[PDB]
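> Attaching a single structure in structure tokens format; questions to follow.
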Number of protein chains: 16
Amino acid sequence: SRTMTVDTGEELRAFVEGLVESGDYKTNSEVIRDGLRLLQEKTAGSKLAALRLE
Amino acid sequence: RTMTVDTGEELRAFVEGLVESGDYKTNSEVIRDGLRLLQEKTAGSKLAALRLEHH
Amino acid sequence: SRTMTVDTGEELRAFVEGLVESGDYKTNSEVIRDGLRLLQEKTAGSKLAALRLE
Amino acid sequence: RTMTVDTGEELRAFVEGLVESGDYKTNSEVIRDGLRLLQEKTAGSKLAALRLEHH
Amino acid sequence: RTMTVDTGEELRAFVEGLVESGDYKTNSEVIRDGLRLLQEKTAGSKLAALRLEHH
Amino acid sequence: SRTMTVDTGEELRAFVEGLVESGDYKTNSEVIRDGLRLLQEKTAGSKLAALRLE
Amino acid sequence: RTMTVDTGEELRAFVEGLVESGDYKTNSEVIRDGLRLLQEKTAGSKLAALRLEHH
Amino acid sequence: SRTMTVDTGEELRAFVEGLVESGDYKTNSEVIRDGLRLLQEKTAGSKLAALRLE
Amino acid sequence: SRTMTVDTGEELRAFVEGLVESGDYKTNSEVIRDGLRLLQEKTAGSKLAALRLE
Amino acid sequence: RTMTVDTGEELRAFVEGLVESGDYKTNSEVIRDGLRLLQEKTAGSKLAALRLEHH
Amino acid sequence: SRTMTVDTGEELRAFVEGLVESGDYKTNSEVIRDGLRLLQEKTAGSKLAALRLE
Amino acid sequence: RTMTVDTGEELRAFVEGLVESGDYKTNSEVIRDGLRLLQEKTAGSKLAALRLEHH
Amino acid sequence: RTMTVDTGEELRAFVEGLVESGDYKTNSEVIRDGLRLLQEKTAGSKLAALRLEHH
Amino acid sequence: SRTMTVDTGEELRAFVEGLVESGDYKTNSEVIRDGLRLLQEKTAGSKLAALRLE
Amino acid sequence: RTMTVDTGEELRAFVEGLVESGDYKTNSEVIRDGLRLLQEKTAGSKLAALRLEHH
Amino acid sequence: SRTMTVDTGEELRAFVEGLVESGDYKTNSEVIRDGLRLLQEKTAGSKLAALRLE
């Protein structure tokens with residue numbers, strides 16, 4: 001699918017809504033996808049170091 | 001405290017892969033890990049610093 | 001306003017459409033905003049170094 | 001080769017500020033500068049490298 | 001998949017402080033975040049590399 | 001108190017028990033405390049950057 | 001706001017190659033990109049800092 | 001050929017003429033060539049990373 | 001065996017007992033093992049650089 | 001000024017290996033080298049800095 | 001004045017003439033001025049560190 | 001092995017200042033120091049590397 | 001395995017200061033710590049690498 | 001005084017005598033003083049960080 | 001302003017090799033280049049900084 | 001041979017004699033050899049980068 005319902009917490013929601021209020025982002029979804037890319041890149045690196053050594 | 005988000009199918013696949021690995025328990029835990037990363041990057045950035053020295 | 005029409009070039013459009021095809025981004029607009037944030041952060045740094053020295 | 005993009009008002013203000021400074025000639029030049037940055041960041045990233053070693 | 005751990009009172013205070021902040025949901029989420037950090041540090045270390053080249 | 005019961009997951013438990021098996025650590029608890037110190041130091045840094053700017 | 005510059009043939013070839021690639025629209029855009037780089041390098045340098053503390 | 005006419009803008013011309021006034025450079029052309037070398041080196045790096053991975 | 005008696009010095013003992021008092025560590029032994037891991041990692045690196053060049 | 005410590009067998013093997021190499025004279029010298037490293041890491045850390053600015 | 005006669009050596013002259021042959025530079029003088037700026041920036045840094053500490 | 005070079009007055013002032021300091025003996029020694037720096041920067045650069053892999 | 005060394009008075013003062021601090025037990029332990037540093041610096045250096053590729 | 005008798009160990013003596021044999025150093029004493037300067041600089045740094053924070 | 005120095009044969013070979021390369025004119029120029037490096041390293045070091053804050 | 005007579009300059013001699021006065025060095029010759037090792041290591045690196053690429 002394309003939609004996901006997530007338990008964020010009140011503080012992290014306040015953070016997301018702040019990034020949207022600033023105007024650097026358009027929707028809460030754009031903030032969440034930006035965060036996912038950060039974790040994805042971090043995860044990819046470690047997995048790259050694993051395939052390389054091997 | 002629930003949020004509904006448009007991930008698309010590739011980033012949902014990525015999230016469900018990390019949960020599948022077992023280092024995370026729920027999809028929500030993956031999302032919060034990513035937002036903690038984004039909060040730290042935001043607070044550390046030069047833009048946040050430039051925006052505070054308009055005091 | 002909120003909409004802007006830009007001359008991109010065929011190659012850079014191909015780049016944008018590739019990032020969307022990968023799924024890491026949803027619309028061409030999300031790609032353009034991500035790029036703007038990079039330049040914005042870069043610009044902010046240099047301006048921060050100017051106010052600091054002064 | 002034209003594209004229509006939803007910037008929002010703050011990032012349009014930012015672009016028009018850079019053109020106003022004179023280091024850039026058109027709004028389009030600002031957008032292309034940002035996409036060149038994003039292309040370089042993409043090509044250099046660890047994700048692009050991990051994605052190529054599935055050959 | 002439950003584990004019982006001796007934290008002492010200061011590191012329990014630290015964990016409960018992070019949950020209190022709201023960036024985490026459960027004490028368990030804090031522990032798993034720390035173990036993910038430790039796993040990444042272990043895999044990246046020079047000791048793990050030296051230990052693999054006894055193949 | 002001093003004792004805490006945590007939901008780890010089978011994979012992360014396998015990781016802890018591997019570090020103990022190696023001998024670099026004595027108990028599962030020593031592994032968990034080492035991990036907490038890493039996150040604690042990481043958290044302290046960001047909080048230090050906040051008090052400093054202010 | 002036009003300037004006439006002696007590039008030589010190799011650096012003209014380089015510029016026209018970058019325009020040919022499509023990441024740039026005009027020769028002028030390439031020149032301005034390079035001058036933006038040079039301005040940033042100048043402002044960041046230790047010489048610019050040493051020259052300001054003769055105030 | 002060897003000569004090129006470029007639209008610089010009033011501010012970037014002021015920048016070039018400032019570097020010449022300082023004496024670190026002799027002609028506007030020397031400033032422009034120095035800038036080109038910076039972009040050229042930057043471009044070469046990324047292209048080197050492309051041939052290397054491949 | 002598993003137990004070792006070591007001449008530490010009064011100052012370094014005061015250091016160990018301070019890390020325990022802080023609560024980040026449980027026993028003097030946990031402090032000593034943490035220190036050993038640091039030296040062990042440092043030693044491993046140099047030995048890795050030796051096998052690699054060779 | 002003597003301390004009795006539970007090393008386990010692997011870290012005792014490591015210590016006795018370093019003494020065996022000859023760069024160290026006694027097991028105690030290895031332990032003190034490690035504690036000097038830990039003291040330097042502690043003093044340099046961000047936690048020690050954050051803990052001092054509660055003055 | 002503006003002109004200086006310098007004892008370079010045959011090898012360093014060969015180096016200068018190579019940078020000119022490549023086309024990245026126009027005259028031997030442009031190469032020498034580029035080198036002077038490098039040493040000048042290096043010298044400025046150390047002198048900046050001296051005024052700062054004081 | 002002599003070369004005649006157009007320095008301009010500011011970079012001649014800089015050279016004669018370094019000789020005046022005493023860390024250098026002749027103007028020529030300053031010029032050679034700068035060219036050694038430029039040779040090292042050239043050999044180390046990414047352009048020199050990209051230019052060699054057209055073999 | 002004893003060596004007699006000319007330290008001069010300032011570096012003897014430095015050594016005896018470190019022993020006085022208590023992080024070291026004997027003057028000899030200070031000397032060996034310094035030689036371990038020098039051995040690591042030597043093995044890691046570019047000179048040691050250049051000298052090995054004359055094989 | 002100026003002379004010190006130290007227990008080095010056979011391996012570290014072999015190291016010192018190797019650095020002398022290479023010719024980069026003249027006497028065993030020059031090797032020992034070079035090592036002391038390394039530890040001295042390392043010690044000074046940490047002590048500098050202590051006076052600075054305070 | 002002349003100094004007589006005990007180099008040993010290997011470091012004399014090294015100096016004469018650099019002069020032979022042509023990047024330097026005299027043995028003295030090599031010695032001064034090395035002393036300029038040592039002066040910069042000394043001024044930049046943490047020891048020089050610690051020694052000044054006893055004012 | 002083993003002895004070399006060098007034109008240093010009054011300022012660089014003052015520098016050498018200062019390092020000797022501090023006590024970190026014993027003779028002017030020890031200072032000169034320390035400086036040579038710095039340049040030697042710097043030279044070796046660049047030559048290593050040349051053999052490696054080739």
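Every chain in the structure tokens takes a letter, A first, then B, and so on in the order presented; its residues are numbered from 1, and the ligands are numbered from 1 following the presented order.
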Within 12 Å of chain O, which residues of chain K show up? Give each one with its shortest atom-to-atom distance in Å (one decimal) and the two atoms involved, counting only C-alpha atoms, rows by chain then rising residue number, as CSV.

residue,atom,partner,partner_atom,distance
K:7,CA,O:25,CA,8.9
K:8,CA,O:23,CA,8.3
K:9,CA,O:22,CA,6.2
K:10,CA,O:22,CA,7.1
K:11,CA,O:22,CA,5.7
K:12,CA,O:23,CA,6.3
K:13,CA,O:23,CA,9.9
K:14,CA,O:22,CA,10.6
K:15,CA,O:23,CA,10.1
K:42,CA,O:40,CA,10.1
K:43,CA,O:40,CA,9.5
K:44,CA,O:40,CA,11.9
K:45,CA,O:40,CA,10.3
K:46,CA,O:40,CA,7.2
K:47,CA,O:43,CA,9.9
K:48,CA,O:44,CA,11.0
K:49,CA,O:44,CA,7.7
K:50,CA,O:43,CA,8.1
K:51,CA,O:43,CA,11.8
K:52,CA,O:49,CA,11.4
K:53,CA,O:49,CA,8.0
K:54,CA,O:52,CA,9.3
> Please save C-alpha atoms of the selected residues as a JSON list (two decimals), in the first residue's frame.

[["chain", "number", "residue", "atom", "x", "y", "z"],
["K", 7, "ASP", "CA", 66.32, 31.46, -10.03],
["K", 8, "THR", "CA", 63.92, 28.53, -10.46],
["K", 9, "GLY", "CA", 65.95, 25.57, -11.51],
["K", 10, "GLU", "CA", 65.45, 23.49, -14.60],
["K", 11, "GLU", "CA", 62.97, 21.04, -13.02],
["K", 12, "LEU", "CA", 60.64, 23.65, -11.51],
["K", 13, "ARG", "CA", 60.68, 25.56, -14.80],
["K", 14, "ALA", "CA", 59.67, 22.33, -16.54],
["K", 15, "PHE", "CA", 56.84, 22.11, -14.00],
["K", 42, "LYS", "CA", 49.54, 29.26, 4.63],
["K", 43, "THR", "CA", 51.57, 32.15, 6.17],
["K", 44, "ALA", "CA", 48.39, 34.12, 7.03],
["K", 45, "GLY", "CA", 46.91, 31.14, 8.96],
["K", 46, "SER", "CA", 49.90, 30.79, 11.30],
["K", 47, "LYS", "CA", 49.94, 34.53, 11.81],
["K", 48, "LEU", "CA", 46.21, 34.45, 12.56],
["K", 49, "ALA", "CA", 46.77, 31.74, 15.15],
["K", 50, "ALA", "CA", 49.39, 33.99, 16.73],
["K", 51, "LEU", "CA", 47.17, 37.07, 16.99],
["K", 52, "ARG", "CA", 44.23, 34.97, 18.22],
["K", 53, "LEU", "CA", 46.04, 33.24, 21.11],
["K", 54, "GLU", "CA", 47.35, 36.71, 22.05]]
> Skipping near chain neighbours, those fewer than 5 positions away, what residues fall within 8 Å of residue 35 of chain J using only C-alpha atoms, listed as a PyMOL selection string?
chain I and resi 12+32+35-36
> Would you please extract all strand (DSSP E) residues from chain H, as assigned by DSSP on the backbone, and give them as a list in words?
residues 3, 4, 5, 6 and 7 of chain H
> With chain G held fixed, move chain E onto it by a least-squares fit of all C-alpha atoms in order and give the output as a JSON list (two decimals) with N, CA and C atoms, in the first residue's frame.

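Okay, part-v8.json is ready:
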[["chain", "number", "residue", "atom", "x", "y", "z"],
["E", 1, "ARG", "N", 25.95, 44.52, -17.91],
["E", 1, "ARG", "CA", 26.74, 43.78, -16.89],
["E", 1, "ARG", "C", 27.57, 42.69, -17.58],
["E", 2, "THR", "N", 28.09, 42.97, -18.78],
["E", 2, "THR", "CA", 28.87, 41.98, -19.51],
["E", 2, "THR", "C", 30.38, 42.19, -19.38],
["E", 3, "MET", "N", 31.09, 41.06, -19.33],
["E", 3, "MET", "CA", 32.53, 41.01, -19.19],
["E", 3, "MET", "C", 33.09, 40.14, -20.30],
["E", 4, "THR", "N", 34.23, 40.54, -20.83],
["E", 4, "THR", "CA", 34.91, 39.81, -21.87],
["E", 4, "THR", "C", 36.13, 39.17, -21.23],
["E", 5, "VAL", "N", 36.32, 37.85, -21.38],
["E", 5, "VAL", "CA", 37.38, 37.16, -20.64],
["E", 5, "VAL", "C", 38.22, 36.28, -21.55],
["E", 6, "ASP", "N", 39.53, 36.29, -21.31],
["E", 6, "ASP", "CA", 40.47, 35.38, -21.96],
["E", 6, "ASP", "C", 40.59, 34.05, -21.19],
["E", 7, "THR", "N", 39.87, 33.05, -21.70],
["E", 7, "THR", "CA", 39.82, 31.70, -21.19],
["E", 7, "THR", "C", 40.97, 30.80, -21.68],
["E", 8, "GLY", "N", 41.46, 31.02, -22.90],
["E", 8, "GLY", "CA", 42.25, 30.00, -23.59],
["E", 8, "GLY", "C", 41.37, 28.88, -24.12],
["E", 9, "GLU", "N", 41.90, 27.99, -24.95],
["E", 9, "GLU", "CA", 41.02, 27.01, -25.60],
["E", 9, "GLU", "C", 40.65, 25.82, -24.71],
["E", 10, "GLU", "N", 41.50, 25.42, -23.77],
["E", 10, "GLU", "CA", 41.21, 24.25, -22.94],
["E", 10, "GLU", "C", 40.08, 24.54, -21.94],
["E", 11, "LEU", "N", 40.12, 25.69, -21.27],
["E", 11, "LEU", "CA", 39.06, 26.05, -20.33],
["E", 11, "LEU", "C", 37.76, 26.44, -21.04],
["E", 12, "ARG", "N", 37.84, 26.92, -22.28],
["E", 12, "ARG", "CA", 36.61, 27.08, -23.07],
["E", 12, "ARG", "C", 36.03, 25.71, -23.42],
["E", 13, "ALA", "N", 36.89, 24.76, -23.82],
["E", 13, "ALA", "CA", 36.42, 23.40, -24.05],
["E", 13, "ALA", "C", 35.74, 22.82, -22.81],
["E", 14, "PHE", "N", 36.34, 23.03, -21.63],
["E", 14, "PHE", "CA", 35.77, 22.56, -20.37],
["E", 14, "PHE", "C", 34.39, 23.17, -20.13],
["E", 15, "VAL", "N", 34.27, 24.50, -20.30],
["E", 15, "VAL", "CA", 32.98, 25.15, -20.08],
["E", 15, "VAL", "C", 31.93, 24.58, -21.03],
["E", 16, "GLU", "N", 32.28, 24.49, -22.32],
["E", 16, "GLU", "CA", 31.31, 24.06, -23.31],
["E", 16, "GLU", "C", 30.96, 22.61, -23.11],
["E", 17, "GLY", "N", 31.88, 21.84, -22.53],
["E", 17, "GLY", "CA", 31.55, 20.48, -22.14],
["E", 17, "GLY", "C", 30.51, 20.45, -21.04],
["E", 18, "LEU", "N", 30.61, 21.36, -20.05],
["E", 18, "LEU", "CA", 29.62, 21.29, -18.99],
["E", 18, "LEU", "C", 28.25, 21.72, -19.49],
["E", 19, "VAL", "N", 28.21, 22.74, -20.35],
["E", 19, "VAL", "CA", 26.93, 23.11, -20.94],
["E", 19, "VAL", "C", 26.38, 21.96, -21.78],
["E", 20, "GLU", "N", 27.25, 21.31, -22.54],
["E", 20, "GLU", "CA", 26.86, 20.16, -23.35],
["E", 20, "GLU", "C", 26.23, 19.07, -22.50],
["E", 21, "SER", "N", 26.76, 18.86, -21.28],
["E", 21, "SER", "CA", 26.21, 17.84, -20.38],
["E", 21, "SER", "C", 24.76, 18.14, -20.02],
["E", 22, "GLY", "N", 24.35, 19.42, -20.05],
["E", 22, "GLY", "CA", 23.00, 19.79, -19.69],
["E", 22, "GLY", "C", 22.77, 20.22, -18.25],
["E", 23, "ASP", "N", 23.71, 20.01, -17.34],
["E", 23, "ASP", "CA", 23.55, 20.55, -16.00],
["E", 23, "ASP", "C", 23.61, 22.08, -15.96],
["E", 24, "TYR", "N", 24.01, 22.73, -17.05],
["E", 24, "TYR", "CA", 24.05, 24.17, -17.13],
["E", 24, "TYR", "C", 23.40, 24.59, -18.44],
["E", 25, "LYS", "N", 22.87, 25.80, -18.47],
["E", 25, "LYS", "CA", 22.17, 26.34, -19.63],
["E", 25, "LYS", "C", 23.08, 27.17, -20.52],
["E", 26, "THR", "N", 23.85, 28.10, -19.96],
["E", 26, "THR", "CA", 24.72, 28.98, -20.75],
["E", 26, "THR", "C", 26.15, 28.91, -20.23],
["E", 27, "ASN", "N", 27.10, 29.29, -21.10],
["E", 27, "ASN", "CA", 28.48, 29.50, -20.66],
["E", 27, "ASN", "C", 28.53, 30.43, -19.45],
["E", 28, "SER", "N", 27.67, 31.45, -19.45],
["E", 28, "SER", "CA", 27.67, 32.40, -18.35],
["E", 28, "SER", "C", 27.29, 31.74, -17.05],
["E", 29, "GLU", "N", 26.40, 30.75, -17.11],
["E", 29, "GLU", "CA", 26.00, 30.09, -15.88],
["E", 29, "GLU", "C", 27.18, 29.32, -15.28],
["E", 30, "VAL", "N", 28.01, 28.70, -16.14],
["E", 30, "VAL", "CA", 29.23, 28.03, -15.68],
["E", 30, "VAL", "C", 30.18, 29.03, -15.03],
["E", 31, "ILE", "N", 30.36, 30.19, -15.66],
["E", 31, "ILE", "CA", 31.30, 31.17, -15.09],
["E", 31, "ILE", "C", 30.81, 31.63, -13.73],
["E", 32, "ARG", "N", 29.50, 31.91, -13.61],
["E", 32, "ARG", "CA", 28.97, 32.37, -12.32],
["E", 32, "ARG", "C", 29.06, 31.27, -11.25],
["E", 33, "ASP", "N", 28.85, 30.01, -11.62],
["E", 33, "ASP", "CA", 29.04, 28.93, -10.66],
["E", 33, "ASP", "C", 30.47, 28.92, -10.12],
["E", 34, "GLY", "N", 31.45, 29.10, -11.01],
["E", 34, "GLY", "CA", 32.83, 29.12, -10.58],
["E", 34, "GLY", "C", 33.15, 30.31, -9.69],
["E", 35, "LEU", "N", 32.63, 31.50, -10.03],
["E", 35, "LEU", "CA", 32.83, 32.68, -9.19],
["E", 35, "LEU", "C", 32.11, 32.54, -7.84],
["E", 36, "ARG", "N", 30.98, 31.85, -7.78],
["E", 36, "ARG", "CA", 30.36, 31.63, -6.47],
["E", 36, "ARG", "C", 31.24, 30.75, -5.61],
["E", 37, "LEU", "N", 31.82, 29.71, -6.21],
["E", 37, "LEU", "CA", 32.81, 28.90, -5.50],
["E", 37, "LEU", "C", 33.98, 29.74, -5.03],
["E", 38, "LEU", "N", 34.51, 30.61, -5.90],
["E", 38, "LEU", "CA", 35.68, 31.41, -5.51],
["E", 38, "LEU", "C", 35.34, 32.41, -4.40],
["E", 39, "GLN", "N", 34.14, 33.00, -4.44],
["E", 39, "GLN", "CA", 33.69, 33.90, -3.38],
["E", 39, "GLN", "C", 33.56, 33.19, -2.05],
["E", 40, "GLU", "N", 33.02, 31.97, -2.07],
["E", 40, "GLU", "CA", 32.89, 31.23, -0.83],
["E", 40, "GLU", "C", 34.28, 30.86, -0.30],
["E", 41, "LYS", "N", 35.17, 30.38, -1.17],
["E", 41, "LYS", "CA", 36.53, 30.07, -0.73],
["E", 41, "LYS", "C", 37.23, 31.31, -0.16],
["E", 42, "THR", "N", 37.05, 32.47, -0.81],
["E", 42, "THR", "CA", 37.69, 33.70, -0.33],
["E", 42, "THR", "C", 37.19, 34.08, 1.06],
["E", 43, "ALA", "N", 35.86, 34.15, 1.23],
["E", 43, "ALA", "CA", 35.26, 34.55, 2.51],
["E", 43, "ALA", "C", 35.65, 33.61, 3.66],
["E", 44, "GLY", "N", 35.74, 32.31, 3.39],
["E", 44, "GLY", "CA", 36.13, 31.31, 4.38],
["E", 44, "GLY", "C", 37.61, 31.24, 4.73],
["E", 45, "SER", "N", 38.48, 31.78, 3.88],
["E", 45, "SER", "CA", 39.93, 31.65, 4.02],
["E", 45, "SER", "C", 40.49, 32.33, 5.26],
["E", 46, "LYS", "N", 41.72, 31.92, 5.60],
["E", 46, "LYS", "CA", 42.41, 32.49, 6.75],
["E", 46, "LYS", "C", 42.98, 33.86, 6.42],
["E", 47, "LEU", "N", 43.35, 34.09, 5.15],
["E", 47, "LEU", "CA", 43.75, 35.42, 4.71],
["E", 47, "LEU", "C", 42.65, 36.45, 4.90],
["E", 48, "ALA", "N", 41.39, 36.13, 4.54],
["E", 48, "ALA", "CA", 40.34, 37.12, 4.75],
["E", 48, "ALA", "C", 40.15, 37.44, 6.23],
["E", 49, "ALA", "N", 40.36, 36.44, 7.07],
["E", 49, "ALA", "CA", 40.22, 36.65, 8.51],
["E", 49, "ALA", "C", 41.37, 37.49, 9.04],
["E", 50, "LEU", "N", 42.61, 37.19, 8.61],
["E", 50, "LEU", "CA", 43.75, 37.97, 9.07],
["E", 50, "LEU", "C", 43.64, 39.41, 8.58],
["E", 51, "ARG", "N", 43.06, 39.62, 7.39],
["E", 51, "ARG", "CA", 42.95, 40.96, 6.85],
["E", 51, "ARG", "C", 41.88, 41.77, 7.57],
["E", 52, "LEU", "N", 40.87, 41.10, 8.17],
["E", 52, "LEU", "CA", 39.87, 41.87, 8.90],
["E", 52, "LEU", "C", 40.34, 42.30, 10.29],
["E", 53, "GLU", "N", 41.23, 41.54, 10.93],
["E", 53, "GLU", "CA", 41.66, 41.95, 12.27],
["E", 53, "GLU", "C", 42.79, 42.98, 12.22],
["E", 54, "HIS", "N", 42.79, 43.82, 11.19],
["E", 54, "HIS", "CA", 43.51, 45.08, 11.20],
["E", 54, "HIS", "C", 42.48, 46.21, 11.17],
["E", 55, "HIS", "N", 41.68, 46.26, 12.23],
["E", 55, "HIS", "CA", 40.54, 47.16, 12.35],
["E", 55, "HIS", "C", 40.89, 48.38, 13.21]]
> When DSSP works through the backbone of this structure, what residues of chain D end up as alpha helix (DSSP H), shown as an NGL selection string?
:D and (8-21 or 27-44 or 46-52)
> Might you pull out every residue within 8 Å of residue 24 of chain N, with only C-alpha atoms counted and same-chain residues fewer than 3 positions away left off, and present them as an mmCIF file with C-alpha atoms, in the first residue's frame?

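Generated file (around_37.cif):
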data_model
loop_
_atom_site.group_PDB
_atom_site.id
_atom_site.type_symbol
_atom_site.label_atom_id
_atom_site.label_comp_id
_atom_site.auth_asym_id
_atom_site.auth_seq_id
_atom_site.Cartn_x
_atom_site.Cartn_y
_atom_site.Cartn_z
ATOM 1 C CA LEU N 19 65.707 3.439 14.671
ATOM 2 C CA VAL N 20 69.367 4.251 15.270
ATOM 3 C CA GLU N 21 70.498 1.719 12.633
ATOM 4 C CA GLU O 10 71.582 8.781 5.853
ATOM 5 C CA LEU O 11 70.054 12.247 6.425
ATOM 6 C CA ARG P 33 67.583 16.272 12.555
ATOM 7 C CA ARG P 37 62.561 13.907 9.616
#
> Report the distance between atom CA of residue 16 of chain C and atom CA of residue 29 of chain C in Å, rounded to one decimal place.
9.1 Å
> Could you please determine the separation between atom CA of residue 2 of chain N and atom CA of residue 25 of chain N in Å, to one decimal place?
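Computed distance, atom CA of residue 2 of chain N to atom CA of residue 25 of chain N, equals 19.3 Å.
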> Rounded to one decimal, what separation in Å do you get between atom CA of residue 1 of chain H and atom CA of residue 39 of chain H?
20.7 Å
